[PDB]
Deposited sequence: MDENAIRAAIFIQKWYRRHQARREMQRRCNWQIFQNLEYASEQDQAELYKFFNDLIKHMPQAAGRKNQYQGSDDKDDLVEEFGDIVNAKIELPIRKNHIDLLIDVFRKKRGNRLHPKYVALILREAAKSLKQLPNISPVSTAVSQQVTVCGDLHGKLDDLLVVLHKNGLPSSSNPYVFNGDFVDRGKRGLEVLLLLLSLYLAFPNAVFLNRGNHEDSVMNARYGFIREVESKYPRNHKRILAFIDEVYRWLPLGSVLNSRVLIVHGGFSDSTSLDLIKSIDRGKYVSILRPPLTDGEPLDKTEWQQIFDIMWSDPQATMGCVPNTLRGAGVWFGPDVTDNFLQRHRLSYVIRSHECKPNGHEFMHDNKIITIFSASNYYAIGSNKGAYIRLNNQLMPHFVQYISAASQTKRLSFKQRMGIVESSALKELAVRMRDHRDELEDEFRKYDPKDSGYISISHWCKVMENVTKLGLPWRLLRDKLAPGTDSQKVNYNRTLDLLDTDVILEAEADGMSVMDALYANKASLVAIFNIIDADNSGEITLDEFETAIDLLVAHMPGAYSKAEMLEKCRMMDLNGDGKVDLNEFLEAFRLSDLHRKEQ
């Protein structure tokens, strides 16, 4: 042995050190604030309702023209409101090797709805991780439906707690590009607040003709290919240019140049450029070279190790930017790093420019079998990249399963409640047996709620929380035995996983004030800022005649802080508003 045992032990311990450094910080991002805010919600209501008397005033305040295709269409009804079941139905329909063609009317409806929804979006979509505490970024797919299915199986379906970012190149060089595009649009429609789409260089009619996407569309739909391409043109026109993560990380497809400015980009009209390589010039005016150059650079640029900026000779489009250009861009735009995708890597990811540039690629076997692997980035609240590599297979694609997974935020609030409710478990069971002398284990909803409210006075909307504190309950009686098991065994509480009970917890606290907090959080820093509070007050006092007095804003801003650290967390703000409204409606 000698060398072997000691070296193996030290290597395993070095891996353990990084594993712990990640895990403890991940759990600390929630638990230490969640315990304090739960203590606030349970006790500080007593101090809150004293000042509630003075703060009553303001704190509570065209058309279908398609034709029938041949005998290869399968029946899959799709309605205007996209939900989860539509997503699973589309996944099952597209997964089949034979007979995977849905009706043209549904494709047209999906494309029209996607274009209409994308029309209202701004040029750059801001993304915040206050609620989710995590974010996922995916690279180029190029019609590889197997890679998308593998990613969805590994990381779970998109949700408010699991946002997804796609960096373009959804089509071309793939046998299932249309299916990938339709699935992405369906996911975006089903989860508008969790799916972000960025435009790539391959999302072009000229690019489609060059790589034969129009031929694939014609082969799939020989009768209605023209209409489908016309609808896809609007989606290509209305695709957003990029996204920014917490005002620190910029996500773009190609890159940037020395003259690239985000201020000019935020003012560019996306509607004019249906095609980037060949602008339509429908308005009858000469093309603006300055405005088009920004889009061309951000779509076609690639990084280089050599200093200076030179035009990209290999691709014939875009420019090569060195580390100095990246440093100047980051200094000018006050950014940390940049995630991009465009060039294929053997491992699916690569660090460049002393880690100021991150390249992500998600299409496996881009050139040949085993040529390269696909990867995606998982980022926490502190925005540290984590790369997971995968290889897709055609045989295993039929055995995959997809779920919406369990939220990180919910994983702490329920656990702390279960831990702290153990002190009254015996009294709860005694009162249940008082209301249920036969110890059958079933009592009515009102009786159960009254019992546990009398045992632990909290005043929470226990009827909505019934779905969380009593799985399998009926509409007539509540199984309090499982409620006691939750206090006796944390395994039963944790085994909920994905479920329909999530909306019950979303009703409490997480109102539109969640988006209000993101609106008032200008710097995107954690637990707001007093400077942000005073800046918001300075325009909220005189923005409209119906505005309240400054002294009223100051008192409510000071009240929003519960633990007394001088800052107000998003959940702290939600809990303060929830307690205020609860006391207002109960008094």
Deposited-sequence segments unaccounted for in the coordinates: 62-73
